[PDB]
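Okay, so here's just one chain, in structure tokens, the form deposited in one PDB entry.
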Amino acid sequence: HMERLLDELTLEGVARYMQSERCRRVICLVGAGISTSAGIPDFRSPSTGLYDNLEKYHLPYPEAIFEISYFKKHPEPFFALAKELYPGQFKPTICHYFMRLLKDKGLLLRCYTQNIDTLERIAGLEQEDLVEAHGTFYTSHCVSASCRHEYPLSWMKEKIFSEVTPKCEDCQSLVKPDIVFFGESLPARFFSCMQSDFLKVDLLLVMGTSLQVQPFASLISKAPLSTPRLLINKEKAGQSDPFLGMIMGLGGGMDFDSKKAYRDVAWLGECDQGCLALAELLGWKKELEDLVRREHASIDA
């Protein structure tokens, strides 16, 4: 028995599902695409993404800048980049406030984000609503596993803006913000929330991510088989033919287009515009626009 929960594979089909009694608990899965309209670059957009804009650091490959083994050999490019990107003041987007609407309508079980920009918090989601799957810059740690001395943000900021490579005062090993680099463990909260959240999710809303890194990309496969999954993104993601070096596990992807497609919908365009379009369908558009307006003005005050 496969439960067929969407009456059609469109944004309109999803919206009707959301209004029904059957849709109680939504998980948002989000990445750097939801913050681009605020001024923050993403990673893997050709030419505009951060990984196509690190020429000056002379890295062996772009991912090295956020990679734990490279970092330990050559910490300077990371701290140089942090000094550049940290100052930027950004505001949440329409997409972030849409998630606030879910929260305030009793629909948000959790937002899992791969971003460190904190814009989900700034938009009004609370700690408990959030899994910051790829860490936070708020706290820092010595990288030495036998030490792990914790340091606060003021300590880290002071080091970066004094152009001093932060070192632990106990063991002299490098210190870094708790943002998750390639090769580094995810916060424990990720796994503990995931195990219970994904048993009871009625809709996955996947926004502004290419699903190109594990274990985050595995989350789509943790949902029950009947749970509809809506992608709002510039491009399809999670749907590709298998090949050697593919990121997802075999049969772990999205199925928007095949003869067997039953539950996955791709809305192709900007996240803000897709969130506006979906809010319109749900009768929430004015409320959303009102909230954005009010919260931006308040942020300026």
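Only the largest set of C-alpha atoms that superpose within 1.5 Å between the two forms is called the rigid core. In case it trips you up, residue 1 is the first one in the sequence shown, and so on.
Separately, the form deposited in another entry exists; it is not shown, and the next lines address it.
Taking the rigid core as reference, which of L107, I160, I116, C193 is displaced at the C-alpha by at least 2 Å between this form and the one not shown?
Among the listed residues, the one whose C-alpha moves by 2 Å or more is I160.
Taking the rigid core as the reference frame, is the Cα of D129 displaced by 2 Å or more between this form and the one not shown?
Result for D129: no, shift under 2 Å.
Inspect the rigid-core superposition and answer whether the C-alpha of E270 shifts by 2 angstroms or more between this form and the one not shown.
Stays below the 2 Å threshold, so no.
Examine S210 after superposing the rigid core and state whether its CA is displaced by 2 Å or more between this form and the one not shown.
No, shifts by less than 2 Å.
Compare the CA separation of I94 and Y138 in the other form with the one in the displayed structure, and answer closer or farther (the difference is at least 3 Å).
The answer is closer, because the C-alphas of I94 and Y138 approach each other in the other form by 3 Å or more.
Since the Cα-Cα distance for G33 and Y61 shifts by 3 angstroms or more in the other form, is it a contraction (closer) or an expansion (farther)?
Farther apart, which means the C-alphas of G33 and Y61 are at least 3 Å more distant in the other form.
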